[PDB]
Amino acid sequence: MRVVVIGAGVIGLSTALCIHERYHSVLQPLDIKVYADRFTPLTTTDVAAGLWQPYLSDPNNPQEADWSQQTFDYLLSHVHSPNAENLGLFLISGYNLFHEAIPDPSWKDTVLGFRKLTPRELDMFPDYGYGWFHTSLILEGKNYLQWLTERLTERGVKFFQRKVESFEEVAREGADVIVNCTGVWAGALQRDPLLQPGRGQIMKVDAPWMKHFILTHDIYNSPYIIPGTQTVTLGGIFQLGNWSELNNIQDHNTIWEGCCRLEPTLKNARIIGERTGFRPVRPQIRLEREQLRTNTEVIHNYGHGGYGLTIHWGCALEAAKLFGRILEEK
C-alpha cells in the first residue's frame, strides 16, 4: 500500500503520523512518502505561535469542538513528560480583552481555570473594560513539525521536495492513496474558491520577562502578544484575499504600535524576526474521501484557517479513520 502525503505542515505531518500509527502493522508494507515544496521552517505552520484557543465565533459545530477538545486533551497529556520541550509544548496563562461584555466561550471548560477578569486586573489595561483569564497551552509550530519529522523519520517515512502539479501525476506513479494537506494552496490542485488566504504578519521579539499571553478583540485586526519558548510573538493582522508574501511596513507599524500601547515594556524589546503567512481560510474544513479515475483515492484535509494547531489532532485521527474505511473497501 503506497501512500503519498502532499504537505509537510502541521496537517500533513500529523495525518501521516496517525496513519502509520494505526495501520503500519496491518499492511505489508505500509509505504509512506511525504511530498512538499515547502518544509519547516518555510511552512505557514512555522509562522504560528501555537496558542490553543478556538476563534470567538462559535460555529455551533460539535464535531469541530470535539476535534478541538481531542487535540487539547492530547497535548495536555504530553505537557508533563520528558518529551515536551521537544514538541515545543508548554502551559501558559493570560488575558482576553474586550471593550464590551460578551458571553462565556464554549471551550471555557476545556481550558484550565477559566474566569472573568477582576476590576484590578482590568485596571492594567486602560483601553479595555471586560475580559477573561485562563490557562491553556502553546504548541510552537516550528518545534512541533521538527518533532513530528523525527518521529516520522524513525518510522521509515521518506521526505521529498516536490511541487505537485496534479493528483494524476502522483497517481500515475503508483500512489494508492493521496492525502491532500496542501493548506491555503489546495486550490492549485483542484478548483476551490471557498479557500482564501487570510494573510497574516507577525514579529518575534526578545522579551523574556513576558510570561502571559494577551489577546485583544474588536473583525481580526487587534493586537496580540504571545510568549513562546525563546521569543515573543507580536501580531494582530488579518487580510482576507491578500496573497502578498512580503512584510508590509504599514502592518509592521500597526503590530508594533498596537502592541506597545498594550504593553509599553515592549518598546525596548529587540526585534529578532518578522514573517508573513497565509491562513488557509475556508468557511469549513475540507476533510473527506474522493475517488479519482486512474485505483486511487484522495483524502482532503485542508482549510483550517487560523486554528490549525488548535484542531489538528482531531482532524488527523479523522483522516486516519477515512484511510481505514478505504482499507475495509479495497
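All residue numbers refer to positions in the sequence shown, first residue = 1. Here the rigid core means the biggest group of C-alpha atoms that line up within 1.5 Å when the two forms are laid on top of each other.
Once the rigid core is used to overlay the structures in 8 other deposited structures of this protein, the stretch among 62 to 70 and 272 to 280 whose CA atoms lie farther from this form is 62 to 70.
Here 80 to 88 and 219 to 227 are scored by the root mean square distance of their C-alpha atoms in 8 other deposited structures of this protein, with each structure fitted by the rigid core; the higher score goes to 219 to 227.
The entry models residue 100 and residue 101 with no unmodelled deposited residue separating them. The modelled chain breaks after residue 294 and resumes at residue 295, leaving 1 to 3 residues of the deposited sequence without coordinates. Between the stretches 318 to 326 and 8 to 16, it is 318 to 326 that shows the larger average CA temperature factor. In this entry, 102 to 110 has the higher mean Cα B-factor, the comparison being between 102 to 110 and 137 to 145. Looking only at 90, 238, 128, 243, the residue with the top Cα B factor in the deposited structure is 128. Ranking 285, 269, 49, 34 by the C-alpha B-factor listed in the PDB entry places 269 at the top. Compared with the other modelled residues of the chain, the Cα B-factor recorded for residue 57 ranks in the highest third. In the PDB entry, residue 298 places in the middle third of its chain by CA B-factor. Sort the modelled residues of the chain by CA B factor and residue 254 lands in the middle third. Residue 230: CA B factor lies in the highest third for its chain, per the PDB record.
Annotation for residue 223: CA B-factor lies in the middle third of the chain's modelled residues.
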